[PDB]
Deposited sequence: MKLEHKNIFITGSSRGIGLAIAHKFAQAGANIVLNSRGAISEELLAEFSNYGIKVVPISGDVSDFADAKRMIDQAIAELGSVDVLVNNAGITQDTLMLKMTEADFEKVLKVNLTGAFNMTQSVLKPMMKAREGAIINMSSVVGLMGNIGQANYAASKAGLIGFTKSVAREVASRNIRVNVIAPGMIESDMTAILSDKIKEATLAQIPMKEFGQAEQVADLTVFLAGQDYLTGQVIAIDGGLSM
């Protein structure tokens, strides 16, 4: 009931967890922006034409400051507003570092872009999300932890500045999620991976979606970091 007819911008929502988040927001009656760095296909656009909600495809590069502002502006012109922004996010360590920086920059830019309209409406929610945890070497673990800390400090800073304007700003930290590849991995490497999760199991994408939609509709909750990772980041 709290989310019906609200307008949700979900970055990276053509695949994976972002798509699960978008299905869950749609099941709650909210209007949906589907967003990808690539194109949104008519396939995907049709999965969402059974909920009786407005669905809008908006592609672009969140990591380009002006293009992030363009994407927020398009959503406002097509839906009327953005009530909720969900900032959902290689092989060498150097390329892995670059990917983390791109996703962090994208979260920064989209957050900066919606602040002005949300602050006018005295209304809105921003949910920043660290990336799903994969297998990483020592240096990848370090780079992962550094960029996650960066996202948390930024998000807490923004939470403090916009509280008096009734904008709620929170971070969700997923852990290791099952995928179709999990079935394919060796029982050896699963066992050494599970060993590092206190709850000794992998997460599911739908758990992240449930938490995301719950936070979106939950007044009076701001500045929080909520890990949903079976204890991984304890």
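Missing from the model relative to the deposited sequence is only the stretch 90-98 (no C-alpha coordinates, numbering from 1).
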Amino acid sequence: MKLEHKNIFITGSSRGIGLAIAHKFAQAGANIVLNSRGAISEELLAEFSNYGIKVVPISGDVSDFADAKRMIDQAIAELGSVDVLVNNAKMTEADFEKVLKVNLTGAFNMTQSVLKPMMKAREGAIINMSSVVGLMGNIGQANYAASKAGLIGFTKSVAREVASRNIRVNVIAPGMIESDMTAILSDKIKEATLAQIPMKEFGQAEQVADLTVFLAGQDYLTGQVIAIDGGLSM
From here on, numbers count along this sequence of modelled residues.
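Judged by mean Cα B factor in the deposited record, 180-188 ranks above the other of 31-39 and 180-188. When the two stretches 208-216 and 21-29 are set side by side, the higher mean Cα temperature factor goes to 21-29. Within the listed group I172, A46, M199, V169, the record reports its top CA B-factor for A46. Sort the modelled residues of the chain by CA B factor and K90 lands in the highest third. Ranked by Cα temperature factor within the chain, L3 sits in the highest third according to the deposited record.
Per-chain ranking of the deposited C-alpha B factor places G60 in the middle third. Sorting the modelled residues of the chain by their CA temperature factor places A121 in the highest third. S81: CA B factor lies in the highest third for its chain, per the PDB record.
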